[PDB]
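First the structure, in the form of structure tokens, and then the observations on it.
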Amino acid sequence: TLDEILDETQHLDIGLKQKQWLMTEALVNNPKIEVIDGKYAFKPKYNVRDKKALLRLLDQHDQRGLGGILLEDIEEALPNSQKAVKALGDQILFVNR
Amino acid sequence: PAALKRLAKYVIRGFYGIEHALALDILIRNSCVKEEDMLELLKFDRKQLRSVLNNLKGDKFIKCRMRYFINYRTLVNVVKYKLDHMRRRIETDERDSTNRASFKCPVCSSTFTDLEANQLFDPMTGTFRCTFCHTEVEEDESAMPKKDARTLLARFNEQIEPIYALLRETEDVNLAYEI
Ligand SMILES: [Zn+2]
Numbered sequence: 077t078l079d080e081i082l083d084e085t086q087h088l089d090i091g092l093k094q095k096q097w098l099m100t101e102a103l104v105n106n107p108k109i110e111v112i113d114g115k116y117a118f119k120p121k122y123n124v125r126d127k128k129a130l131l132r133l134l135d136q137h138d139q140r141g142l143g144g145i146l147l148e149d150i151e152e153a154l155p156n157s158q159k160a161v162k163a164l165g166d167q168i169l170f171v172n173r
Numbered sequence: 010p011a012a013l014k015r016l017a018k019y020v021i022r023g024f025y026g027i028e029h030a031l032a033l034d035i036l037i038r039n040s041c042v043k044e045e046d047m048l049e050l051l052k053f054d055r056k057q058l059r060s061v062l063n064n065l066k067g068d069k070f071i072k073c074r075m076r077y078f079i080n081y082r083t084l085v086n087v088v089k090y091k092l093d094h095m096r097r098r099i100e101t102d103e104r105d106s107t108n109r110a111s112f113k114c115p116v117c118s119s120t121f122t123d124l125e126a127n128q129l130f131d132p133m134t135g136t137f138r139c140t141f142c143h144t145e146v147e148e149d150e151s152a153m154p155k156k157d158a159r160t161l162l163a164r165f166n167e168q169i170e171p172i173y174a175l176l177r178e179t180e181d182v183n184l185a186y187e188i
């Protein structure tokens with residue numbers, strides 16, 4: 077929660093007004109904020125960044141691979157490359173435009 | 010025409026590269042193909058997509074159906090067009106001259122016919138002597154290895170038929186199905 081972030085960042089003294097404005101509005105103007113209830117979550121990537129086993133998307137032969145984008149990649153422990161080599165080893169195919 | 014899309018599955022495999030092939034995969038479904046949709050879906054560049062489309066347009070691969078919004082459909086009957094002309098050019102490079110073993114003088118690297126060194130043929134040595142220098146002649150040597158090229162092309166150009174047999178056969182059987 078915003079209070080938990082404040083807490084962990086030791087920025088809790090942002091002022092209740094700002095704290096409130098951040099909570100009610102900043103995390104509301106948020107594009108498609110995936111928020112089950114109390115706690116905010118990740119919106120862009122539907123799939124958990126688990127660096128492995130996208131055989132579902134490979135066998136999803138209904139959209140020619142579903143526009144596998146790199147924007148949601150290379151930010152993990154292995155810069156896509158480590159996964160790709162195994163990804164190269166496996167069916168996964170990598171290219172760039 | 011499901012097996013017409015099979016000759017297509019085999020030419021994309023056989024010829025055009027990933028960037029082309031990914032676009033060509035979309036061309037698989039000949040129901041509706043707009044420019045905005047294909048751009049957004051392929052996640053490609055617009056200038057570059059226009060280049061590929063322009064390239065495919067050059068193939069007459071697609072019949073641009075205007076609304077303006079577009080639609081794209083197969084035109085190539087040039088599978089034979091690549092075939093008749095390529096076979097001609099390879100048979101030209103294949104069909105060699107003759108033994109064409111002209112004498113050649115290793116010192117001056119001059120070239121002679123069997124006829125050239127025959128006038129030179131020196132009866133006192135029972136062999137062929139070069140013209141301006143009496144050094145003995147040799148084989149045409151390297152010159153044109155058109156005979157080695159003939160053998161290579163034959164193995165190489167006719168060796169790609171087996172891997173094309175799936176499609177050479179599907180096309181033939183599909184064309185028969187089309188009537
Ligand atoms: Zn000579």
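Protein chains in written order, with my numbering: chain G, 77 to 173; chain R, 10 to 188. The beta-carbon is built from N, C-alpha and C at its ideal position, and this holds for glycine as well.
Taking residue i and residue j to be in contact with their CB atoms under 8 Å, please state how far apart those CB atoms are, rounded to whole angstroms.
i	j	result
residue 174(G)	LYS119(G)	With chain G represented from 77 up to 173, any question about residue 174(G) goes unanswered, as that position is not in the structure.
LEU154(G)	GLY141(G)	Actually they are not in contact, since the Cβ atoms of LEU154(G) and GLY141(G) sit about 21 Å apart, beyond 8 Å.
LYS43(R)	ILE79(R)	6 Å
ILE71(R)	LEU162(R)	That belief does not hold up - the Cβ atoms of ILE71(R) and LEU162(R) are roughly 33 Å apart, past 8 Å.
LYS113(R)	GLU147(R)	5 Å
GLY23(R)	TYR186(R)	Actually they do not touch by this definition, with Cβ atoms about 21 Å apart.
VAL116(R)	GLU180(R)	About 57 Å separates the two Cβ atoms, so there is no contact after all.
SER106(R)	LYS155(R)	7 Å
Quick one, are the C-beta atoms of residue i and residue j less than 7 Å apart?
i	j	result
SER111(R)	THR101(R)	no
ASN183(R)	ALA12(R)	yes
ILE27(R)	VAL124(G)	no
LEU175(R)	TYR25(R)	no
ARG159(R)	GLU103(R)	yes
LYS66(R)	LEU84(R)	no
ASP149(R)	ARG109(R)	yes
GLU84(G)	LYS121(G)	no
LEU62(R)	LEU48(R)	no
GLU145(R)	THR136(R)	yes
Secondary structure at residue i, three-state DSSP: helix, strand or coil?
i	result
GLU170(R)	coil
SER106(R)	coil
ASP123(R)	helix
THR144(R)	coil
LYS69(R)	coil
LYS115(G)	coil
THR136(R)	strand
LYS156(R)	helix
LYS127(G)	coil
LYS113(R)	strand
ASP131(R)	strand
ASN80(R)	coil
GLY165(G)	helix
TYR186(R)	helix
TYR122(G)	coil
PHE24(R)	coil
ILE81(G)	helix
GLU150(R)	coil
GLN158(G)	helix
Could you tell me which of the options sits nearest to residue i, measuring between CA atoms?
i	options	result
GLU45(R)	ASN39(R), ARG38(R), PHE53(R)	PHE53(R)
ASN64(R)	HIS29(R), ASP93(R), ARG98(R)	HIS29(R)
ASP166(G)	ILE145(G), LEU147(G), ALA129(G), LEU78(G)	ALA129(G)
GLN128(R)	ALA158(R), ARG109(R), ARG138(R)	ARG138(R)
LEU51(R)	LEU161(R), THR160(R), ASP34(R)	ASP34(R)
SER40(R)	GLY135(R), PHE24(R), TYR81(R)	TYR81(R)
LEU146(G)	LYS159(G), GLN96(G), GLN136(G)	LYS159(G)
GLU110(G)	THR77(G), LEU131(G), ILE90(G)	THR77(G)
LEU92(R)	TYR186(R), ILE169(R), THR107(R), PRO10(R)	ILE169(R)
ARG38(R)	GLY143(G), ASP138(G), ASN156(G)	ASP138(G)
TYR116(G)	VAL161(G), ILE168(G), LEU169(G), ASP79(G)	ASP79(G)
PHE141(R)	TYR90(R), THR120(R), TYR77(R), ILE188(R)	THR120(R)
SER60(R)	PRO171(R), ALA32(R), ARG164(R), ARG97(R)	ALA32(R)
If we cut at 7 Å on Cβ distances, does residue i have a partner in chain G?
i	result
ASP46(R)	no
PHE24(R)	no
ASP34(R)	yes
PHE53(R)	yes
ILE71(R)	no
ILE169(R)	no
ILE21(R)	no
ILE99(R)	no
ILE27(R)	yes
If we cut at 7 Å on Cβ distances, does residue i have a partner in chain R?
i	result
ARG140(G)	yes
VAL111(G)	no
Can you list the residues of chain C that residue i reaches, using a CB-CB cut of under 9 Å?
i	result
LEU31(R)	The structure shown has no chain C; the protein chains it does contain are G and R.
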